[PDB]
Protein chains: 4
Amino acid sequence: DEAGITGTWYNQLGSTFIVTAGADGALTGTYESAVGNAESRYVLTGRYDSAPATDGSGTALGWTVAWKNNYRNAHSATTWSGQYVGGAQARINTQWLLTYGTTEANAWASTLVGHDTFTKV
Amino acid sequence: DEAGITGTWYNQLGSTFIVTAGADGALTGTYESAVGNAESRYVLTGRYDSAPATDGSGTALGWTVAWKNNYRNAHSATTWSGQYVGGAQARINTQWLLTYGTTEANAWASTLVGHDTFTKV
Amino acid sequence: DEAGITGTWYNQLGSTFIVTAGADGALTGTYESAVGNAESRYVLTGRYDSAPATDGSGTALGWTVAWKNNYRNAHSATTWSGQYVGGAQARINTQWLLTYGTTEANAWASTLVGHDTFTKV
Amino acid sequence: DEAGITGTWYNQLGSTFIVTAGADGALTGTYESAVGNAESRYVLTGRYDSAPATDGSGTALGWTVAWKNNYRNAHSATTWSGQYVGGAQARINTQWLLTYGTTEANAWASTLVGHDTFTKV
């Protein structure tokens, strides 16, 4: 799925995920969030299954963004875990975890959970 | 926290996380799970906040493993999202999402959630 | 939102959630899953905010199903946590956690996470 | 596990969970959080597997708290999903989802995730 994954994707919030899938299972690119304490692009890296099952299952992948770039530092990181589903209406269906740096006393409240669906349109 | 994070960490299951933290916010290394459909080491990559708050908050980070290497392919990826807490008893406290490639009909059941705490001992 | 919540709801899988909202914040009813190790109806209970904010925010609620009834026992429980959003296209937007009873050795793998959206149609 | 579950439990934050397990699978009681926008006791309800496996697996259960009582309204609900593990050092091991009522624009950020372990001591 190297060719299927590589490219520009967009989620239901309007965010823009720009990724390149390597032959070796790497994911590299940039993310730009339409919401939250974010502006412009941020580095991302991640990994995907480069030899998925051939039975119609999706392709497992994940990636991370730390929310620091030249413009802002939100002292936080998001990880997306999901699967690519190929075809005419290709999708990446994810669940994510956003952790903010906290004191020990506040660590119970450190982590948001949600779900993003990415399309090529 | 480049120096604090770089090194060999171990979780409550006995898994071994070997990471290098780059000046630029990168995390690279290897993971070896003590449980599940895994053997030997797997590539990891991720990101961390290279300019954390100085008020005692933790350092936000995350990373991914796709569970393919030369030995096995578990058609799955885990993402850990968490924070590094420095000091005498340093820790990485994480929550994780493990997604398995599924058919559309089974996608409701595609994703495990859990929590790992990493120590240097 | 007692009147808004009480009734029959349906999710994106085809499952059927039948609930009554009490003046006191209680939720009682039945759930019938279209997927998984389930047949027929199962008891549910839960709670909702009976005095929500008046600024356009949603109404927080949650509920549980243990997957035992007269037909089957899946040795598992799901909890849905979410919010009711009223209006012409009313919705309950949830995230859920499904825990299966495991041995200690398998407890790392005990919990699925996902997301269901309920509509009145 | 009716007798095993019924009673007063305490988590790693110092919160106090007071529950009664019914023969029919019901859980009823009160919760008092040591942290967050909470004071005093709040109603809880939930469900547990009243006929667990006899192979050493844990007992699946869950419960909800809406964070409204006579003192405060935090416009939020938590659901805990987990398993009871009996024996000399009995435990309830949970993962939880806390949803706050939000506008549509903020709904991406509506839900915290975490994990609580309850003991009888």
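Note that each Cβ is placed from the backbone with ideal geometry, even for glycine, and that neighbours are counted across all protein chains shown. Read-outs: derived from the displayed coordinates by stated rules, not from any lab.
Brief remarks on what is shown
- Qualifying residues in segment D:80-94 (those that are surrounded by fewer than 24 Cβ atoms within 10 Å (Cβ to Cβ) and in contact (Cβ under 8 Å) with a residue 40 or more places away in the chain) - the one farthest from D:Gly14 (Cα to Cα): D:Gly86
- Residue selected from segment D:74-89 under the condition more than 16 Å from the chain's Cα centre (by Cα) and either within 7 Å of chain C (Cβ to nearest Cβ) or assigned to a strand (DSSP E or B) (or both), by the criterion farthest from C:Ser81 (Cα to Cα): D:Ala74
- Applying the condition of being over 22 Å from C:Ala107 (Cβ atoms) and more than 8 Å from chain A (Cβ to nearest Cβ) to segment B:90-105 and asking which residue is nearest to the chain's Cα centre (by Cα) yields B:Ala90.
- Selection from segment B:23-52 of residues that are more than 8 Å from chain A (Cβ to nearest Cβ), part of a strand (DSSP E or B) and among the polar types (S, T, N, Q): B:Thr28, B:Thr30
- All positions within segment C:58-73 that are assigned to a strand (DSSP E or B) and under 20 Å from D:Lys68 (Cα atoms): C:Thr59, C:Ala60, C:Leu61, C:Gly62, C:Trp63, C:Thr64
- Candidates D:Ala60, D:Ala77, D:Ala23, D:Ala66, filtered to the one that is of a type outside the set (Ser, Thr, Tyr), buried (at least 22 other Cβ atoms within 10 Å of the Cβ), farther than 30 Å from B:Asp116 by Cβ and in contact (Cβ under 8 Å) with a residue 12 or more places away in the chain: D:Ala66
- Filter result for A:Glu32 (over 22 Å from B:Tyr84 (Cβ atoms), under 13 Å from the mean Cα position of the chain (by Cα) and of a type in the set (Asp, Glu)): yes
- Every residue from segment C:1-17 that is more than 19 Å from C:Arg72 (Cβ to Cβ) and assigned to a strand (DSSP E or B): C:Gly7, C:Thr8, C:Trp9, C:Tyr10
- Being farther than 16 Å from B:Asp49 by Cβ, more than 11 Å from the chain's Cα centre (by Cα) and either more than 8 Å from chain B (Cβ to nearest Cβ) or part of a loop (DSSP other than H, G, I, E, B) (or both) is true of A:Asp55.
- Residue in segment D:51-59 that is hydroxyl-bearing (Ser, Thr, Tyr) and touching a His at 6+ places or on another chain (Cβ under 7 Å) present: yes
- Residues of segment B:106-121 that turn out to be of a type outside the set (S, T, N, Q), closer than 18 Å to C:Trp108 by Cβ and facing chain A (nearest Cβ under 10 Å), as a count: 3
- Residue that is surrounded by the fewest Cβ atoms within 10 Å (Cβ to Cβ) [pool: residues in segment C:39-57 that are of a type outside the set (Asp, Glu) and in contact with a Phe, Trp or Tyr (Cβ under 6 Å, 6 or more places away or on another chain)]: C:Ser40
- Inside segment B:90-118, residues that are within 17 Å of B:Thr59 (Cα to Cα) and in a loop (DSSP other than H, G, I, E, B) make up a count of 1.
- Hey, D:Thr20 assigned to a strand (DSSP E or B), closer than 23 Å to C:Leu27 by Cα and out of contact with any helix residue (DSSP H, G or I) (no Cβ under 9 Å at 6 or more places or on another chain) or not: no
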